[PDB]
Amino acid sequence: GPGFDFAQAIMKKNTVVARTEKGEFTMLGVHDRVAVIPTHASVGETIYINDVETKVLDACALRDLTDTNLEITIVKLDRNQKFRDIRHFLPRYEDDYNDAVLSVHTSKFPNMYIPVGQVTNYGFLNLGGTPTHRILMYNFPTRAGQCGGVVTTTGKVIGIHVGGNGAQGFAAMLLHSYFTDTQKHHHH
């Protein structure tokens, strides 16, 4: 059955409530002070984390080599506590999955779990008017208030919720290589 225990352990140690000009989002912390949030949350230079105003030291809105929105923004936060490192739970590659759970952590829903069933590598999505790539789809009627929600199976954190049409929900993929230590250049 659905990996509720795994979902709950991720929610407990690795989510915070984030709030921007656009409202509240579930926020998954990945390692150190690095977390993710859907790009359309429109992150600025400060953000509320569990109602504490917090400096955004870095924010990268991911796009692929076709210059198309992936709907993931990676943020680095000025806070004291480090997130438990969960990069080993991120999938290496695109894939399809069985029996996933969607978990939400907002002020309205501090702890909620939704089995969304089978998750398919969907690809292209016109996301409320923005072309977007690398989308996962599940047949569940997801709602406003669930963006940022964490999509897991047992042992894998696979995406964060970003959209729905009333019948399906859509998550942006998380891939291991989004977060590898690496060597870089000028990005803003």
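Note that residue numbering follows the sequence shown and begins at 1.
Mean C-alpha B-factor is higher over 138-146 than over the other stretch, the pair under comparison being 23-31 and 138-146. Two stretches are in play, 62-70 and 121-129, and the higher mean C-alpha B-factor belongs to 121-129. The residue among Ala171, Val16, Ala167, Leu175 whose C-alpha atom has the highest B-factor in the PDB entry is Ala167. In this PDB entry, the Cα temperature factor of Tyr93 sits in the bottom third of its chain's modelled residues, the lowest group. Per the PDB record, residue ranking by Cα B-factor puts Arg87 in the lowest third of the chain.
Split the chain's modelled residues into thirds by C-alpha temperature factor. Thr46 is in the middle one. For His105, the recorded CA B-factor ranks within the middle third of the chain. Only modelled residues enter the ranking.
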